[PDB]
Amino acid sequence: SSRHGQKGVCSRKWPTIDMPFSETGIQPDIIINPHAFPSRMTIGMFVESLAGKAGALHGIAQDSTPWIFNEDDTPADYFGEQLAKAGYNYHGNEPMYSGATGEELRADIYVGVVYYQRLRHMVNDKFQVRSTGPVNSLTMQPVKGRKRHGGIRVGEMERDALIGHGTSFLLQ
Amino acid sequence: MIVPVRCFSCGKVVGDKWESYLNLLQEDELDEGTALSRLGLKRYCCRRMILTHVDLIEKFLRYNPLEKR
Amino acid sequence: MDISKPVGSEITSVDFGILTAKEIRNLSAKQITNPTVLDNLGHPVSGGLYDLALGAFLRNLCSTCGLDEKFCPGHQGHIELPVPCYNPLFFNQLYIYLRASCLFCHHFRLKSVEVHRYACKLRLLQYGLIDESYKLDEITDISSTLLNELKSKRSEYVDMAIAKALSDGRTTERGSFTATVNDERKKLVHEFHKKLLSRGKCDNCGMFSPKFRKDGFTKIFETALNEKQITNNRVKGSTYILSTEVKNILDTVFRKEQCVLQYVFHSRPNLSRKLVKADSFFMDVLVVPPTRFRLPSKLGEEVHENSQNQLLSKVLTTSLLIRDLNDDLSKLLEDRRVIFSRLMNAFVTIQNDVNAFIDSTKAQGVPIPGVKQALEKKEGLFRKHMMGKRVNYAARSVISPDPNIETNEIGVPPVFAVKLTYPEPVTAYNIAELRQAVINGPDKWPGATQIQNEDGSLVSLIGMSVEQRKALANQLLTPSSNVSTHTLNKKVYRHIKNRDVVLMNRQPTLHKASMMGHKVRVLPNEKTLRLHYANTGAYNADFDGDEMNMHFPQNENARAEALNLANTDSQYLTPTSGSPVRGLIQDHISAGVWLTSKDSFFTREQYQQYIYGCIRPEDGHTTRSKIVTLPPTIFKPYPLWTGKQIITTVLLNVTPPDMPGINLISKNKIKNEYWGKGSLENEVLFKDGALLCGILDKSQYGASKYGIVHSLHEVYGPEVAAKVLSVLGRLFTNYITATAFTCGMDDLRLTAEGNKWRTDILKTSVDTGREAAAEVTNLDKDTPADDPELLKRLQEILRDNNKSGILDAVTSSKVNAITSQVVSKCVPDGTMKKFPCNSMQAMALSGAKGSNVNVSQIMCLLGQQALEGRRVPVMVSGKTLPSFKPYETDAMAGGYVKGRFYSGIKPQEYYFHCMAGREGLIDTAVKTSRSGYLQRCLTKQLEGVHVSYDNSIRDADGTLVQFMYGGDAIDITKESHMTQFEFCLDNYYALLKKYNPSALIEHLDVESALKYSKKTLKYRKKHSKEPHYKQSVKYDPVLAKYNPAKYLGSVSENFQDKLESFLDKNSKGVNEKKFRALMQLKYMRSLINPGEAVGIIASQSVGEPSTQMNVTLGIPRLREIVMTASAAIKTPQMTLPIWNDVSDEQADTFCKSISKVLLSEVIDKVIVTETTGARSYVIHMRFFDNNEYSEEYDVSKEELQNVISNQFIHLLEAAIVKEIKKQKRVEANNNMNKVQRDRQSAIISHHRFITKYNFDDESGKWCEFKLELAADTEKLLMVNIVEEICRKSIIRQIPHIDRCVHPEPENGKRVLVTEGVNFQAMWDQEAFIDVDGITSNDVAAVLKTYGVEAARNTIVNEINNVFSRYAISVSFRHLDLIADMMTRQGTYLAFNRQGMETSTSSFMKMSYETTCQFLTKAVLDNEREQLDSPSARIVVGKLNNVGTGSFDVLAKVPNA
Amino acid sequence: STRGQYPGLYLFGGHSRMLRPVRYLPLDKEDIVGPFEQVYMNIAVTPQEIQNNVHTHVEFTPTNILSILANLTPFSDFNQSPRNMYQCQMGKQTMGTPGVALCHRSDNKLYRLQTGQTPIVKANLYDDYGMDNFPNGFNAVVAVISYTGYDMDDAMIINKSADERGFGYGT
Amino acid sequence: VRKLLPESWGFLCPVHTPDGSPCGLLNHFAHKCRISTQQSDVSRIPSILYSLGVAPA
DNA sequence: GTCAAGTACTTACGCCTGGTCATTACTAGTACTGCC
DNA sequence: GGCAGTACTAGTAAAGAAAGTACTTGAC
RNA sequence: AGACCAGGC
Ligand SMILES: Nc1nc2c(ncn2[C@@H]2O[C@H](COP(=O)(O)CP(=O)(O)OP(=O)(O)O)[C@@H](O)[C@H]2O)c(=O)[nH]1
Ligand SMILES: [Mg+2]
Ligand SMILES: [Zn+2]
Ligand SMILES: [Zn+2]
Ligand SMILES: [Zn+2]
């Protein structure tokens, strides 16, 4: 997760030679989708990308306690001129190539260093399987519980979905 | 906890630059941007390692069960 | 289950009977007698609850069958209750027959000829003679000779009507028991029991019986006879009573009336001819369960005995105390009274223990649960372990998204591929690959974990080396040495391969597409499931930590259903509306905008790279065994292709050859003005499979109707459209990984001109909050904000809740018109980076992710922060917040925030936006739980209704709901392109291949249905100008006469009248008659199949869109209609059609004559005047001026005098006498004229304590009347009295109508809505109202005045516009069945436990709620059920009668 | 007032009150006020919004209205409000560092991230509560890009060679 | 009871509140919202209210 | 016979993963010890 | 040396802020 | 197998 509400599980550990690479030589260690932003409207993560990157170039920490910016002095104007004094652009974009084809991409890629968080919801605390195992004593049905090698429940709201498809041997 | 060998985004060796960084901030009164440039950390992925390292192992090491206190 | 172990016997039915005491002394293994469970040294004591004769207990052999723990089934035992006690399931009915019966002649207290009247009406209701029971009632102080002649002819009519109906093929000798004869039997027994309980004297011998009293359970009392009517029991020439005496009475009553109670306790004819006895209601023997079912729990040393052993010990403890109380009576006043008063207390405690064992809520003394409460609710037995169960062979893990998967497959981990296993029996075609699997072992995919031998034995491969495991690989295909097991072969439990089937499942399973059958593909690396992006909107599955289930089916009947029937490729269209749920979502939609642009040009190496990256012929996506390409768009200077021409040859390779290309003319979400001037990129164009114009968008691929994937689904098939979603899913992923897509901070900026446009509009908002405040406060204009009259009335607005609503709706109406001016001006025209480069706009316009209101709040302004209808709430002080002064008229101070998410919102803007954000997080919580119980009430009633082979949908027990599904029997998932005649004409030669007209004539009747469809089309054009009541139709449509699934041309009448309307207009080598012959073949193949679980689909199509959610509205409206079926509707209305003759001035002076006028609405103030010392009162009620209320309410001066004369005081005189009862624990002269002195004298005469009365006869302004009281009375308030009487007195009122409003004319017609229902009184106003067009809202009142079919029409429209308000389209086939199921009895029944009592399936009613109330009603009726309902075939483990199990399979064997 | 709260002067000085500092404008100093007291007075959120003769107090800072976790989400006035509310739930469910006395603890389940970092982008309240003592995350080069196809709906990917080097590693 | 009322300005945090079942009910203080934990000096206030013009009860 | 408020028994999204603490008084008895 | 007082012991007994129908007792 | 508490979607 970020510090803005942008959670999400990991899909693949994508190898370095298959990742995009900039002109400065770096490669990102997190890819996040731009389609997570418009419905969520987290522009604090966009401006953390300008603030985080422009602080990494100068060796400074910019504060981010809220309402230190007005509508006159936008932080996109503030952290853009810090990136423009270092050689990077005012908008926080970098010209990146592809890792697979190696070609120049169309537009410059919006990058930066934001602060992520690792949540405690790993797969290993989830993730149960059962072929056979222990059963309950009076129903002779599988046991509730992941850590007792038990089964998942097919309740009433899943029973009638098997009715609704007309599949009568999946229900049995 | 302790300084990361071999920074995460490119692979430049970074773990040999923590004690040189605290030297170049305390004795030689440099700011944090000049000291990262004197150590050869140019890319901003390499810069945010030594700049933002907490060095929390110095707080762990004060609990030594193998010594009287 | 083992398919190699059959079963020949099947349960056909069950029936609920009372378990008698003689059986359970023969049934019993061993009677248990002492209340010690297990003695010292851990053994079970012989004679106690844990016993070896009741089953094998804890590593010890049984004493009945001699088996161990794993094989002993457990055995029935009992205890001997020494006295007969009350069974708590039957006590409410035992107390009916203990009452209502004579204690002297031991009949009931009715006359014996009227008890016989119910004895032979209930006999006619056992058989299928619902109509002959009323002809029986048409047969008619009185001598007892003609009563025998009356009982003779009634008994001969039954024996003739039963003989005639059983001879005329109607009723079996087992009787007929449908649903509507369960109604007439429950109505008749409830009438019989109600009339038994209301009798003074016994009408056989005329003397009284003492009335019994039940205060609570466990006891019965009889009361002493009165001191007056003991004389009746001397001219015929309190007490606790024993349960042996209650039984002694009813052992005589049920014998003297055996000929009647045989029919009360039987729904069907008693072929056993058993007696009904009073021992049914008592229980002289408790049955202890088998000791297998009451084993103790164990947590280390913490071993506790079971709750039933705690309850059965206390019965045995009392059952020995009651025998030790018989020691002194066996030896034998003071030696007799103390031993009898302690014996009678043992009678109550053994009853209180036999209640508490059966029912915990009938106990007294947090209580120990009984045997009723192991069954009742969720966490019961019917709902926790019968309708839902824990299953074997099933996994659950977090999902991660995955391209490169073929859209019907799931990606399983290696560690799920090892554990889950499938029984393959070895054959001649398995020992190549199933010998290799058993060599690989339990831990090498693809492997095997076990081998099942022929004997039922089972050899595990886990603790085995490879040399031991290759030897068993040579053991598989061997001939059996046992003759008894010679046709059985070995089963190898192999791992899950890539050819198996998987049933995926994400909770909540709101509809059936949330539980689909996917194919498998194993993956090498990690421990998570992998789901393709076309499935992410059907399960409503995102990837922020969703985990979803994976059920692995275990035989070939189930593999053939999740590949063909519950398949994920068959679930493209949902049956709710007929709209697709499957499609590409976020990155693929943003990539087809760039790929199908005019700028996208590809060279020869690029063009051929994108094709093989998506087609890949060796995996079987092409149809030509060679990838064909197109000539390039440009030939000089160097050849370039186009992204139009990418998808042209992508679609040219996945299509089947010798079938022409697709023809589509559709549009998309991006306008022409975003691409410049003269652009045509809004319309898309496919001509012979070639994209020639138009961007591809969400509207084309994605869950949207009539795109290109929806059109590929129709012309070519579902296997093509599921393959196109794979190939386009890889064409756009490979395009993105070489040509990417970003949104940045660059995309959010306006220009320096657009920021100037933004701030200049928002400077007009500084006066908006004051203009809206000055308007509502009824100042004119231009008044300052610090005006003391403005601040005075704003304080008056705040203290009222309704005045604050019309201030929060006028300011919100004005500031949202300032929001609409910035979004119209500053985007897209004022944005710095523009389309297509503006990726914030590019994915909001394309429907990838985002909205136009999302880019508004980012780039322009965030808007009015609306709370639940209103604005931001205000404190008591008139401050909305501590920052703002009290009652200031600023838009910013009330929630309109001007800051945007780009540049920030202020701290008071931030706090208003947090109030609205918490509102959304509570509505996401509290309003997803109310629609969950809507669908459960719906699915339980509609679980068994389904299409029969008559194309006539009906319930599981056989009762008929509708004669045809929707009136036309066509499937919602097949009728999308049915009336798209311009699409089907352009694709004629390609749709003719998939229906194949020439090969489908022999099994049809083409000749006959077309002729009768012309006899009716010619009749209805000739007739049918008259309205519907005149139409004696003389001809049904061809659906009601001919089978539409067999007769070609047997179509609906809207399909015929729209085809003959289409094909008449336009005249386009296909002629006119080959197009109408292919639509009638397209119609017939789009019929609904018999066996479709329609009512589940109809109830999922209402419960699942209900989660998307001056009259009641929404999910509270669906509870009023569907769930409760309330006749006490919350806000009833009535729509009145205004004639064209009466104008708008004659209509709104008309609604002042219907809407009620209270006396409170005409009074300015009431000034009482009390002088005491005779308590006097001077009630002086001051009205408004006569010119003020005779205009406003049309109340004359003289009519207001008659309300005070005849209506106000008669309610005021009552309220003064009511309180004296309940406390015992300037103007004119007096010589005015002769009529007012006698008007006064009539008021004094007809009322109780008036001494003076005078109305303002000349001006109608006042009414003063003196009102004296006695001096004995204490003080009454007499203003709170008068105010409560003035609000109940009516000047003028049409009954049950309180208001009549003339709204604006919605959709052309002129509408007059009231606020109450009275159809009778609106029939008098023919001169103003169309009486034959009066629709309404009260579904129960249209049933009372207009009938059943009018209420069925009313309920469809009211369940329609609860979904039409939210723009939710649910089709009229799901709304039709819910209508016809709720009115199936000619009444208005709910989907609850009160409306389902008239139903044949006992386990359906027991599974829903109140389990042991439907249980008692089944065992009292001795109710046999045929196991028809889906809830009754899961309790007993039968295949369903819906879908696949709606028929049998027979095998043709060649030899005789 | 006309039909408002019942008037009177109510003085409170007992236990268990709710109290916040606020700056009082005549003779500029600190004032401590309560919720029953605040509903009838006019504080301002910044001294550039003081209006004459109506405002008695101003706040020392606008950020003394937010909690501990709420001040630490950076640039919070740019986010939609549920995504600030989701962060306060998810900021306290991280694999962070619980303490440094783990050798002397005996807790039954504990989550320790190995190498935490201080952020480039942080509030000024971050270094005031001493949250450098407890680093709950790490700076990451984040590219907002549709490149992969594997992170579309809500998911994300990591560089593979990043956590071969210890990126986001914990026990 | 779950609503974000404006009287909580500076006392309860508007944003730091969980989702779902504890939404609106469980909520956190502002970080400067101190809670009084001792009875304060009160006994000299009626002596200096009678001098300001208060008629005694 | 009957209206009539009053009293009573019913439901109140799906399933998923963790953790905790879950009999107490007393009463009679056998044994320990201080004592003469 | 053996008697009786306590202190224990293991032993077996008691543990207040929601919707609807349906039955029914109240007076008359 | 319950109670209460903390979460997940
Ligand atoms: N039946 C339930 N489903 C839930 C519950 N919580 C989450 N969900 C499911 O998980 C999904 C979570 O969606 P959200 O609650 O986060 C609404 P949100 O605005 O965050 O959507 P996005 O912004 O598009 O992520 C949603 O589709 C629900 O179907 C719950 O308590 N009950
Ligand atoms: Mg989710
Ligand atoms: Zn680096
Ligand atoms: Zn046995
Ligand atoms: Zn009698």
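Start at 1 and count along the chain as shown; that gives each residue its number.
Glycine too: its Cβ is placed from the backbone N, Cα and C atoms.
Among the residue ranges C:530-542, C:634-646, C:907-919, the one that Swiss-Prot annotates as region 'Bridging helix' is C:907-919. When the residues C:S577, C:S765, C:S804 are compared with Swiss-Prot, the one annotated as phosphoserine is C:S804. Counted within 10 Å of its Cβ, the other Cβ atoms near C:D542 (Mg(2+) binding site) come to 16, all protein chains included. For the pair formed by C:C202 (Zn(2+) 2 binding site) and C:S804 (phosphoserine), distance between Cα atoms is given as 68 Å, rounded to the nearest Å. Residues near C:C62 (Zn(2+) 1 binding site) in space but far in sequence (CB under 8 A, at least 6 apart, same chain), listed by position: C:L52, C:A53, C:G55, C:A56, C:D68, C:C72, C:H75.
The Zn(2+) 2 site is defined by C:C102, C:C105, C:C202, C:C205, and by the 8 Å test on Cβ atoms against their centroid, the other residues of the chain that qualify are C:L103, C:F104, C:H106, C:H107, C:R109, C:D203, C:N204, C:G206, C:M207, C:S209. Within 8 A of the CB centroid of the Zn(2+) 1 site residues C:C62, C:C65, C:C72, C:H75, the other residues of that chain are C:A29, C:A53, C:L54, C:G55, C:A56, C:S63, C:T64, C:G66, C:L67, C:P73, C:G74. Filtering of the binding-site residues C:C72, C:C202, C:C205, C:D544 by Cβ separation from chain A (threshold: under 8 Å) yields C:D544, ordered along the sequence. When DSSP labels each residue, the region 'Bridging helix' (C:907-919) comes out as 13 helix, 0 strand, 0 coil, counted as helix, strand and coil in that order.
In the vicinity of ligand 5, defined as a Cβ distance under 6 Å, the following of the recorded positions C:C62, C:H75, C:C102, C:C105, C:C205, C:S804 are placed: C:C102, C:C105, C:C205. Across the structure, C:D544 (Mg(2+) binding site) and C:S1429 (phosphoserine) place their CA atoms 40 angstrom apart.
Across the structure, C:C105 (Zn(2+) 2 binding site) and C:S804 (phosphoserine) are spaced 74 Å apart at their Cα atoms. Counting neighbouring Cβ atoms within 10 Å of each of the binding-site residues (C:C105, C:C205), the lowest count belongs to C:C205. Neighbour counts of Cβ atoms within 10 Å were taken for the binding-site residues C:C65, C:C72, C:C102, C:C202; the minimum is at C:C65.
The subset of binding-site residues C:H75, C:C102, C:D542, C:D544 lying near chain D, with Cβ atoms under 8 Å apart, consists of C:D542, C:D544. Ranking the modified residues C:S804, C:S1429 by the number of CB atoms within 10 A of their own CB puts C:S1429 at the top. Within 10 Å of the C-beta of C:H75 (Zn(2+) 1 binding site) there are 24 other C-beta atoms, taking all protein chains into account.
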